[PDB]
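Student: Got a structure for you, written out below as structure tokens; questions coming shortly.
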Amino acid sequence: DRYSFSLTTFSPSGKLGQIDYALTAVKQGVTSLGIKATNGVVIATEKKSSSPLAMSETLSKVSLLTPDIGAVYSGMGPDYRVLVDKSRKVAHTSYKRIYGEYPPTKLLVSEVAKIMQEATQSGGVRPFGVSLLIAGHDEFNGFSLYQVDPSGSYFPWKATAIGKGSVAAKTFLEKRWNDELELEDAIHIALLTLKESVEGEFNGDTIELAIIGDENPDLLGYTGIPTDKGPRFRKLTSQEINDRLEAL
Amino acid sequence: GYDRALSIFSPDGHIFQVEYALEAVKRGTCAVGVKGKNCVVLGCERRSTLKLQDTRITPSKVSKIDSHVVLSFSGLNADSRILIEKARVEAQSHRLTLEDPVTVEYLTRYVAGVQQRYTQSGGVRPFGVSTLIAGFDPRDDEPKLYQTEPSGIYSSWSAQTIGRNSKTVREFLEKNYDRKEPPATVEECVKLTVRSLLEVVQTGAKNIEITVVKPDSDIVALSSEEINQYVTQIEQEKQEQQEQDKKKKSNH
Amino acid sequence: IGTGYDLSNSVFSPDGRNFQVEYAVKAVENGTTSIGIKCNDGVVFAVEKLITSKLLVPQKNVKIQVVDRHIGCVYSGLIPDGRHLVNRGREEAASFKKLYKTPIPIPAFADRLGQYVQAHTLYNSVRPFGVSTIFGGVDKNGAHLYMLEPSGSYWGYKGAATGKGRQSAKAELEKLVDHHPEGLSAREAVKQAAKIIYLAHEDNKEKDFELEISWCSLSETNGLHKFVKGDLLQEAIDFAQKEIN
Amino acid sequence: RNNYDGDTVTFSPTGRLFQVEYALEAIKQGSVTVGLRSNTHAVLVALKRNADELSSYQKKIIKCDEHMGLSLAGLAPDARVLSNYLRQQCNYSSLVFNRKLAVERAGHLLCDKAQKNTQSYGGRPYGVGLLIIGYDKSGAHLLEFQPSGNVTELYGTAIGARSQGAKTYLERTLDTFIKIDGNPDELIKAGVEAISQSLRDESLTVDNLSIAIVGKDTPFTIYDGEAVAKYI
Amino acid sequence: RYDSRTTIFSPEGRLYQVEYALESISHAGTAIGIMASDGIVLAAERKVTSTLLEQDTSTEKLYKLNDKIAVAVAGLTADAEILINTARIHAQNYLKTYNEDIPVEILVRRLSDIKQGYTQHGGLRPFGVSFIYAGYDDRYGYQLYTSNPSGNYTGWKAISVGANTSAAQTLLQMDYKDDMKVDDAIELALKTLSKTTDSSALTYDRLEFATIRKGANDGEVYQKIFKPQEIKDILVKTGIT
Amino acid sequence: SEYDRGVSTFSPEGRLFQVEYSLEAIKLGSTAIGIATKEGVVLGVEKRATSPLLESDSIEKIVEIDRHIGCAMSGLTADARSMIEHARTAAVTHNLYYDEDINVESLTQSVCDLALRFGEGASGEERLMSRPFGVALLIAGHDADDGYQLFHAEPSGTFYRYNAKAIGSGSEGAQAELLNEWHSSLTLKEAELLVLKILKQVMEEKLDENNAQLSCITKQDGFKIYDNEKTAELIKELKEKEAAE
Amino acid sequence: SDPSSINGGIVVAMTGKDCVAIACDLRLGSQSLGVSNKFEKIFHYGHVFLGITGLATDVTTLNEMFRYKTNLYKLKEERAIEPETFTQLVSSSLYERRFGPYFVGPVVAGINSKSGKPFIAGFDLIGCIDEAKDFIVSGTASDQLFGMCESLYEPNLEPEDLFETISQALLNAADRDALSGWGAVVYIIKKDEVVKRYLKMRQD
Amino acid sequence: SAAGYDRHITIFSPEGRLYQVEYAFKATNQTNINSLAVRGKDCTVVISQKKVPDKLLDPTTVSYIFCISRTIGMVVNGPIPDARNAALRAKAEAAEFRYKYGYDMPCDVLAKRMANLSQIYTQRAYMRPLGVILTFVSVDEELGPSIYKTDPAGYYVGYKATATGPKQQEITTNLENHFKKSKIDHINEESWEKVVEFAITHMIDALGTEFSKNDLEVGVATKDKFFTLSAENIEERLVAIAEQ
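Residue numbers (PDB author numbering), protein chains in the order written: chain b, 3 to 250; chain d, 3 to 254; chain g, 4 to 248; chain f, 3 to 234; chain c, 5 to 245; chain e, 6 to 250; chain j, 2 to 205; chain a, 8 to 251.
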């Protein structure tokens with residue numbers, strides 16, 4: 003009641019009403035999920051066209067924050083875009099002068115968290131409508147995956163999911179997850195889990211699935227340097243998703 | 003109501019924030035100030051519950067404002083923290099500008115000024131803390147004892163109890179205290195202060211904190227052994243007096 | 004009503020309006036009739052300033068006020084509130100002259116005034132405006148007539164009207180489209196303005212009025228705005244009285 | 003409803019605000035003053051109030067300049083903020099332009115200043131009426147300033163308690179005082195008659211009269227005691 | 005009700021807001037720091053868990069703020085992040101300014117002023133967090149304190165916060181041996197953690213632990229957050245596993 | 006309702022109720038009386054005693070604002086602290102600028118100018134002091150250009166000059182008695198025994214000096230706050246005078 | 002010239018083969034007056050060693066400055082700061098002031114643990130990337146040392162070979178400089194072992 | 008529900024959403040205007056209705072197609088106040104962008120920065136969302152013909168073609184049939200004039216109402232330019248349809 007007409011006071015059972023509503027706002031979104039393996043990380047989402055005429059191919063819901071780190075969301079569409087904007091800016095500032103190349107995954111998550119936290123702090127501000135997943139790859143902690151909550155807390159995970167179909171996806175991932183998976187194997191889990199959510203439209207035109215694995219000097223835009231590391235992030239096209247989607 | 007902000011008084015002339023601040027005082031630990039003629043003994047209840055709880059590193063209930071003026075307090079302990087540091091920085095700053103020792107009358111007046119400024123404003127609330135501030139200056143051998151209030155009022159009292167169950171101690175203090183001759187014995191001033199605080203602690207002399215201020219910048223914190231010495235002498239006299247009263251009855 | 008929706012200006016109704024902006028329009032209605040008539044070579048502005056007692060001094064209180072020396076503006080609704088939109092308007096006018104060393108085009112002014120009204124609905128701590136403002140002049144492109152709503156909506160007009168007796172005015176303006184498809188020439192429109200305000204004063208009848216007319220005309224006021232006063236105004240008065248009878 | 007009895011930033015269904023309306027009330031509980039003018043003079047006559055007979059009575063005439071001046075009827079706190087402002091503008095005109103500020107021109111600055119507080123949600127809105135006199139290049143003028151900010155040029159007007167009889171004196175004798183020019187004596191006498199009728203269940207006394215006069219020949223001067231027991 | 009701004013007071017002469025922050029602790033995990041002359045242990049319990057949760061290569065309720073002082077968390081985690089970062093910044097100011105490590109009493113004291121400041125000033129929340137501070141300074145040796153969500157500190161030799169504080173406290177003070185040992189701290193903590201927690205078999209992936217010692221590799225203080233397999237060793241001694 | 010919550014909301018009187026309530030704060034306060042004569046102004050006060058431990062002779066209630074200016078007060082000391090610190094600066098700043106005494110009337114204006122702040126901001130007055138002042142002062146001094154003048158600085162309006170004025174709890178009965186007992190034939194000494202005569206009547210305690218404190222403004226003497234012995238003596242002369250009549 | 006030239010002092014770091022040496026003099030002088038015969042110019046944040054030349058104030062002040070930033074880096078990420086990454090940092094941090102630029106010539110040296118490769122880097126007033134796998138020398142006798150180190154360097158050396166090369170280098174170059182010398186100390190980072198060998202040399 | 012919720016955009020509902028933003032998606036029915044944007048192969052076309060309902064309004068002052076900058080048109084649907092506010096910021100930012108970055112501001116990038124702008128108005132309770140729908144049309148130099156629609160929420164998504172208004176649906180369904188059967192997302196003809204004929208025909212069938220020259224206003228975006236058509240040019244295209 004008054005514990006989300008105001009942000010000052012709390013429920014006597016803990017937490018603001020605003021946070022529990024912010025999670026409701028997450029589930030009203032598309033379904034996004036990530037699975038970590040020991041030689042890769044898959045990140046996968048669906049995109050609701052929401053008009054036969056809408057082009058969701060022109061805006062994808064998998065967006066590189068920096069070349070080695072992509073992110074997805076589940077939750078409100080407008081809220082995602084500004085939040086992504088601030089991710090690209092802070093990243094250069096915070097570590098592309100400290101290390102002169104793009105940050106650790108781990109670092110950018112602690113930064114993002116402070117921003118989400120500050121909108122839970124005071125009245126006359128609202129939480130963000132999303133929970134994000136940030137996946138990336140660095141050499142200092144290896145492959146990682148994270149879930150970043152609009153409460154202002156963040157949790158690392160091996161595989162997790164969020165969105166409308168989260169509760170179905172989570173039990174599914176528990177069963178099929180093993181101690182060593184391949185990148186290819188984790189893509190083959192990722193398609194099945196998301197297909198539980200939406201069926202009767204599943205194709206790689208409507209489902210976007212992409213990976214964080216090894217460097218691409220092909221998406222780097224240069225070669226001829228013995229130390230160069232191209233984007234750990236990589237987009238599969240519509241055609242490549244179909245090759246994996248047949249493989250099931 | 004008129005309790006929605008500090009920009010509204012009630013039609014009696016009261017502001018309910020201040021009135022609930024006065025109930026706040028009563029929540030936290032008790033304090034007694036009692037003046038002599040060469041001393042002021044400023045004593046306070048020390049809260050302990052558990053054995054784990056230290057009395058080494060644990061926050062003292064007497065804070066030294068300077069080397070000749072001290073402050074003990076009553077109210078919320080969390081609230082009183084901001085108030086403690088502020089009063090010490092101001093203490094040093096007087097001496098930076100002027101180059102003079104910290105005047106007691108100035109000191110209470112500024113300190114109650116901090117509280118007043120918040121009360122004057124509506125966007126910030128004052129502390130629910132009332133203090134006792136006792137001292138001497140090197141230029142005075144005539145003792146001063148002051149009080150602040152959560153409103154922004156400063157007052158002078160000969161002798162005072164504030165904080166937890168003040169009321170009963172308050173009447174005991176009146177009778178014994180004489181304005182004729184306040185306790186000239188230093189030991190007897192401490193002993194009175196022990197008798198007053200005795201009432202509110204129940205059993206204790208590791209829960210009685212006595213501290214003593216005398217002129218020309220002498221400050222002491224009295225060890226646990228000395229606080230326990232008072233209790234043995236004070237129980238012997240209270241009991242003795244009681245036995246005698248029942249003998250006056252027997253005689254008639 | 005309740006449930007917001009008028010209780011703040013940020014909040015929006017499910018209908019597509021804002022009921023706080025509707026009470027501001029009611030305040031324009033309550034104010035005294037003003038008309039503006041666009042012409043194929045000028046603009047004429049007229050206003051009804053009613054006389055409530057004869058303690059007023061005649062030709063000394065008006066709702067006609069000038070901006071530069073060639074943009075006339077006249078306001079209805081809350082009287083000091085219409086003054087203020089002109090006072091800020093005047094500030095906006097000056098800025099443009101200093102920077103570009105040119106007189107302000109009337110559609111340029113038209114953009115700039117309506118940005119002030121709109122700023123006063125983006126904040127719940129700023130009361131909107133509650134005044135309509137008839138305006139226009141002669142510029143580079145010739146003569147133009149505009150009117151601005153307290154919504155923060157505006158459009159160009161051939162004939163414009165606002166205030167309490169605006170029900171008559173609107174009707175006389177229409178007779179004019181048919182009568183003259185040039186909207187009338189600027190000279191004969193000073194007399195047309197007076198006659199209009201007299202039929203409008205039949206809706207205020209229980210009281211007397213004072214009529215002020217001003218104009219700005221391309222070559223019959225020489226690109227400049229000046230007040231219609233003198234033997235000019237009295238001829239306008241005589242035409243009105245005659246044809247009403 | 004009267005959900006608008008608290009909001010000064012939110013229109014009332016009539017198109018008013020209630021706050022502006024209450025501000026007219028404040029004037030009614032306020033102290034009476036009668037204005038009037040002629041081409042070559044303008045006069046303010048005002049009633050001093052007292053709470054008892056050990057009070058030495060409230061100044062109702064504030065000298066704004068040596069050629070301009072004002073009187074009040076309503077909230078004295080609000081009257082102070084606007085008096086400060088008003089002197090600041092008249093001195094500004096004498097500093098930069100070596101110029102007297104016109105009565106009418108001053109009034110348009112005061113207008114923006116009323117409506118600023120209406121627009122805002124911060125500080126009190128006004129609740130005092132000022133009767134303003136001056137004598138500039140365009141002779142004596144009389145404005146009635148309202149706490150709305152509406153400024154009205156008349157030949158005579160009145161604000162304050164029981165001010166509807168001053169308007170009735172002035173209406174009848176409207177023309178008598180247009181014809182008198184160059185006689186300060188006559189114009190002063192006319193306000194005094196005026197404010198006897200205005201008042202009800204009161205009588206005038208010597209030290210209840212404060213008459214303030216400026217014209218073309220008369221400097222700005224305030225008459226008290228023996229200088230106003232000649233026109234009672 | 006009093007709920008609108010923190011610039012108000014309830015009739016207890018406290019604020020209802022402070023009570024609401026209090027309650028925030030008692031729906032989070034349980035936290036225990038036991039001090040001994042030979043080292044201080046910090047322990048926290050995880051309030052989420054899964055088998056696809058990464059918690060074996062990470063901690064979340066244990067931060068070192070400098071290489072001589074460590075903290076445990078009980079409360080919401082969203083509240084925690086902001087104030088940890090500020091304590092750590094204050095430590096490195098101390099290091100920069102005075103050329104030495106901060107005392108325990110100040111570092112806590114600052115943090116306590118800052119919590120109270122959000123009560124004192126504005127309509128901004130109190131931050132419902134209780135932190136256990138276990139530190140070293142060469143003035144009062146080992147020092148164990150905790151900080152209140154109201155924003156005051158009190159010294160200790162053992163304390164529990166979190167969920168079921170009362171239940172935990174009685175159990176800790178019963179088994180407190182008066183010289184104490186870091187090895188007994190470590191042993192006591194697991195036992196006490198078990199009974200509050202709603203699992204009957206406490207486990208190392210469900211555990212966060214740091215032990216602080218200067219009593220081995222003397223003349224210097226070395227603080228060690230334990231790795232998962234070591235936590236398993238100490239569990240086997242207490243007979244839980 | 007929405008009238009006692011807000012400093013920017015007027016009620017059907019056209020007033021603030023913030024301003025109203027602050028009068029009742031003064032009536033809470035102890036009785037204080039000032040009586041002007043042409044010999045000097047005499048400022049008397051009441052203090053209270055409910056404890057034998059309360060030292061009431063070691064804190065002030067009559068204060069020196071300059072070297073010929075004194076003030077008595079009633080209401081909260083919190084509201085009084087701000088007011089007197091302010092008023093100290095105004096007199097001091099005057100001696101800087103001109104190298105002359107402050108006049109009595111102008112000191113009154115400054116105190117009522119602080120009083121005006123009840124809220125947060127305003128155009129033509131920055132407000133930083135967010136409540137009504139629940140204190141008044143009687144302001145007494147001497148200028149040479151008039152004489153001795155005695156004023157009441159009102160926190161709720163503008164200032165009213167008096168020849169004798171009572172404030173506080175017992176203000177009501179004191180005011181009637183001063184009309185029938187203030188006269189221009191009454192010397193310095195008579196002025197003292199008058200204040201004590203009224204003072205006791207509305208006191209709920211006996212007439213004694215531990216609950217009283219007189220002072221005078223004599224320019225010749227500078228502002229003099231009295232000793233306890235002088236007041237004690239005078240309680241005795243008061244009773245002997247009235248014993249015999 | 003600059004203030005860096007008035008106070009002086011030398012820090013020279015060098016590379017061999019899976020090793021580094023970074024060595025310094027013990028002279029601090031403030032102009033003509035010699036001040037300390039024993040102020041070490043070598044400091045460290047983990048395995049990364051920071052030398053500092055220049056004015057005496059900025060030797061102490063920047064040390065506090067870079068300590069602050071490496072301590073927040075260490076705690077958050079739970080690893081040691083790397084010499085590869087510290088070179089980025091030194092150059093931006095000194096560049097923060099440009100309108101009050103710090104008057105120093107640092108030398109960074111360390112060995113990366115994420116490959117074991119040896120790293121040395123050179124800087125100036127506001128610092129720039131200057132990459133070497135040979136040597137970086139700095140100070141008022143830097144022009145002497147640039148040639149002295151090149152002349153004695155033979156590419157690809159043992160940890161024990163590298164001692165000899167940096168010692169003979171420092172020994173004569175410091176001595177035949179006014180504002181340098183007065184003792185020296187040599188740190189040989191073998192890989193992760195650091196042996197400290199004090200040079201017996203004369204008092205300059 | 009209603010207990011705070013609808014009265015704010017900083018108070019979430021039990022659904023996690025904002026009722027108040029969603030009520031502006033019901034503000035396009037009040038002005039009663041429809042748009043149609045279609046892309047040809049080398050062009051983009053926008054046609055929106057023009058409402059002149061009174062003979063005291065000139066046809067040339069009432070327009071809803073605005074020149075934002077040289078190659079960028081925009082159609083506005085919905086209320087006249089929020090129409091202006093959006094228009095200003097889009098002109099100030101487009102002009103500023105173009106010389107700062109030296110690039111002609113693409114359809115995606117204008118639609119993007121504005122959608123960002125609309126999100127910022129919603130997070131603070133001081134500001135409010137826009138009510139209008141802006142459908143930006145440009146022929147880009149990096150993507151050729153494009154239509155990006157930005158919603159009063161701060162959603163923006165691309166479109167083959169898009170429509171807006173109260174009768175928006177009926178046009179949507181007509182465009183669905185057209186692109187689906189042909190298996191191209193463009194109007195096949197290459198001349199911008201003949202594309203405008205096709206687009207005008209789809210609208211007259213779909214709404215059921217024949218339009219006039221003073222009941223349309225048409226902007227046509229070509230390769231690196233925009234221009235808005237006058238009524239006599241629009242008439243030529245209308246009669247093109249009417250007589251085969």
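Backbone N, C-alpha and C fix where the C-beta goes; we use that ideal spot for every residue, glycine too.
1) Is there a Cβ of chain c sitting closer than 9 Å to that of b/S168, yes or no?
2) State yes or no: is the beta carbon of e/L121 nearer than 9 Å to at least one beta carbon in chain d?
3) With distances taken Cα to Cα, identify the nearest neighbour of j/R198 among j/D178, j/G117, j/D176, j/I167.
4) Consult DSSP for g/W158 and reduce its assignment to one of helix, strand or coil.
5) Would j/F100 be called buried (16 or more neighbouring beta carbons within 10 Å of its own) or exposed?
6) Determine the direct distance from the alpha carbon of e/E238 to that of e/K244, and round the result to whole angstroms.
7) Helix, strand or coil for d/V71? Go by DSSP, reduced to three states.
8) Helix, strand or coil: which one does DSSP assign to d/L109?
9) Please give the ranges of any beta strand (DSSP E) in the region 95–161 of chain c, keeping only runs that are unbroken, at least 3 residues long and fully inside the region.
10) Within 9 Å (strictly less), CB to CB, does c/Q21 reach chain b?
11) Could you name the residues of the same chain whose beta carbon sits closer than 7 Å to that of f/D226, not counting the 5 residues immediately before and after it, in chain order?
12) d/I84 CB to nearest chain c CB: under 9 Å?
13) So, helix, strand or coil for a/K62, using DSSP?
14) Determine whether the Cβ of e/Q218 lies closer than 9 Å to any Cβ atom of chain d.
15) Between f/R51, f/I224, f/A231, f/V216, which has its C-alpha nearest f/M70's C-alpha?
16) Return the CA-CA distance between residue 4 of chain a and f/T12, expressed in angstroms with no decimal places.
Tutor: The structure says:
1) Numbered from its first residue, the first sequence carries residue 168 of chain b at position 166. In terms of beta-carbon proximity, b/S168 stays away from the interface with chain c, with every pair separated by 9 Å or more.
2) Here residue 121 of chain e refers to the residue found at position 116 of the sixth sequence. No - not a single Cβ of chain d is within 9 Å of the one on e/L121.
3) Position 197 of the seventh sequence, counted from the first residue, corresponds to residue 198 of chain j. Comparing alpha carbon positions, the residue from j/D178, j/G117, j/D176, j/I167 closest to j/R198 is j/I167.
4) Here residue 158 of chain g is taken as the residue at index 155 of the third sequence, counted from 1. Strand at g/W158.
5) Residue numbering aside, residue 100 of chain j sits at position 99 when the seventh sequence is read from its first letter. The C-beta of j/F100 has fewer than 16 other C-beta atoms within 10 Å across all chains shown, which makes the residue exposed.
6) Within the sixth sequence, residue 244 of chain e is the residue found at index 239, counting from 1. Within the sixth sequence, residue 238 of chain e is the residue found at index 233, counting from 1. Answer to the nearest angstrom: the Cα atoms are 10 Å apart.
7) By one-based count along the second sequence, residue 71 of chain d stands at place 69. For d/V71, the secondary structure class from DSSP, reduced to helix, strand or coil, is strand.
8) On the second sequence, position 107 is the one that residue 109 of chain d refers to. DSSP places d/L109 in helix when its eight states are reduced to three.
9) Within the region 95–161 of chain c, the runs of beta strand (DSSP E) that reach at least 3 residues and sit entirely inside it are, in chain order, 133–141, 145–151, 157–160.
10) For the purposes of this step, residue 21 of chain c is identified with residue 17 of the fifth sequence, where counting begins at 1. At least one chain b Cβ lies under 9 Å of c/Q21.
11) Along the fourth sequence, one-based indexing puts residue 226 of chain f at 224. A distance below 7 Å between beta-carbons, with the five flanking residues on each side excluded, links f/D226 to the following residues of its chain, in chain order: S212.
12) One-based indexing of the second sequence puts residue 84 of chain d at position 82. By this cut-off, d/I84 is an interface position.
13) In the eighth sequence, counting from the first residue as 1, residue 62 of chain a sits at position 55. Here a/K62 carries a coil assignment [DSSP, helix/strand/coil].
14) On the sixth sequence, position 213 is the one that residue 218 of chain e refers to. Chain d, which has no Cβ nearer than 9 Å to the Cβ of e/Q218, makes this no.
15) By 1-based counting over the fourth sequence, the position of residue 70 of chain f is 68. When only C-alpha atoms are compared, the closest one is f/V216.
16) A question about residue 4 of chain a goes unanswered here, because the residues of chain a that appear run from 8 up to 251.
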